[PDB]
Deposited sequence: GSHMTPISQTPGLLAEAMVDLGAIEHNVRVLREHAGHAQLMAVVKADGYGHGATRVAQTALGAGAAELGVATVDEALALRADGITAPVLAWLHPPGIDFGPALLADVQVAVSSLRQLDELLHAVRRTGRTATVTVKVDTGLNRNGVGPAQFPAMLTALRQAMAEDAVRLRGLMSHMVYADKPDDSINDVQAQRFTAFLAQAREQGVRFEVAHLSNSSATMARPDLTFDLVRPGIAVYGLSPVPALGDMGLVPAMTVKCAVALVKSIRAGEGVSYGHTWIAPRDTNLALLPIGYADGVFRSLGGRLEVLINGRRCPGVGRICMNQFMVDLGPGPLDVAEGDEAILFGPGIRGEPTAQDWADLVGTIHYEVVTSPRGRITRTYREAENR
């Protein structure tokens, strides 16, 4: 293969088991939206469920229907629904639906009537993120409509959910504030005669660093893939599951003073050897990594030199060579063999590892190492 994103499913399993320890008695909902954060929703889902995950979480019904079509029968919740969505197929596929407005519930209820299928409903309430979540003023009317729907067996009231404002800052008081708001929302449900089976607020960071804020379920995403939910604390006993690597497509000598890639942005101070790596920014190698990233080849860090092109870039191998055409170069991974990490790319680019692992594509073929 020209290049591959190898997902280690034994790393996934290990990370799920680590997360279950932090979750204690709370059930684990593994978040596999965005094609398993670029790792493959179905294969990751299967591994996580086998490692103790109780439920799966995705953004869209389409993501849940994809898992169902691959044979997944475990519970799946979807919480982002565009205007015009037909909830019918979700109901027929035993997909759980989180509603974030009265309009969305009314749309779900029309789908229940059309399909004859009771909806397993979760309500997504806003505790601070201010995105798609029922606002505090609208929550009582939401409870009222849910109770009436429940009283006619049109819905099963499964969940109350919300999402944390900080994905990596557990010490910030907004975490405590959101957990208090969530508790007051649960008290509002009580005064309106409504009980949810379960309530959940916690992402990877809250699960691992704020276990005092854990409700009935936890919803880890980033930590399942092994990426630290609080990078300032280290790897947190997790193992990043994705290793991006590619073959050395060409070894080229150059003389001191010669330029490389478009605009000749880098000149050779000494006679040396370069390796052409046949992936580039169309494959998810951020162009802004040019002249900053390093790759690991046969145990040594080799710096990128010159601009990253659409499907290739060059690294400096130095001046006799221990690298051959066809040898493997590691761009990032868990860091076990001394290679860069997804967090290293995030630091160089000014982003987060979430964006790094959803980047590889095109020439970078996704592959799996079994547990």
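Novice: What stretches of this chain's deposited sequence are missing C-alpha coordinates?
Specialist: Going by the record, the segments left unmodelled (no C-alpha atoms) fall at 1-12, 332, 385-387.
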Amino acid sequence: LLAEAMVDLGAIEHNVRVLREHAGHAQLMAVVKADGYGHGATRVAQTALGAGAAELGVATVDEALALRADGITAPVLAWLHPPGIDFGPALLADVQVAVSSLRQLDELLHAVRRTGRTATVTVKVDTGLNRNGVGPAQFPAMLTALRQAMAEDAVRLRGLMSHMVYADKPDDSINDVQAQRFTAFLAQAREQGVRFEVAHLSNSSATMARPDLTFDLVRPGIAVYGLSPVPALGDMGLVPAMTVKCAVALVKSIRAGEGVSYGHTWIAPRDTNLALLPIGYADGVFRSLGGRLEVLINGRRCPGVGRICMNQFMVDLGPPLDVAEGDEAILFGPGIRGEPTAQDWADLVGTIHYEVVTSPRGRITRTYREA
From here on, numbers count along this sequence of modelled residues.
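Novice: Can you tell me which stretch has the higher mean Cα B-factor, 237-245 or 255-263?
Specialist: Per the PDB record, 255-263.
Novice: Would you determine, from the values in the PDB entry, which of 354-362 and 14-22 has the greater average C-alpha temperature factor?
Specialist: Result: 14-22.
Novice: Which of these, 124, 158, 169, 200, has its C-alpha atom at the highest B-factor, as the entry lists it?
Specialist: Spelled out: the listed residue with the top C-alpha B-factor is 169.
Novice: What's the residue among 75, 220, 83, 269 with the greatest CA temperature factor in the PDB record?
Specialist: Answer, based on the entry's C-alpha B-factors: 269.
Novice: Using the B-factor values recorded in the entry, state whether the Cα atom of residue 185 falls in the lowest, middle or highest third among the modelled residues of its chain.
Specialist: CA B-factor rank for residue 185: middle third.
Novice: Ranked by Cα temperature factor within the chain, is residue 105 in the lowest third, the middle third or the highest third?
Specialist: Lowest third, going by the recorded CA B-factors of the chain.
Novice: Among the modelled residues of its chain, does the C-alpha B-factor of residue 340 lie in the lowest, middle or highest third?
Specialist: According to the entry, residue 340 has a C-alpha B-factor in the chain's middle third.
Novice: Residue 95's Cα B-factor: lowest, middle or highest third of the chain?
Specialist: It belongs to the lowest third of the chain when residues are ordered by C-alpha B-factor.
Novice: Within this chain's modelled residues, let me know which third the CA B factor of residue 138 belongs to: lowest, middle or highest.
Specialist: Its C-alpha B-factor belongs to the highest third of this chain's values.
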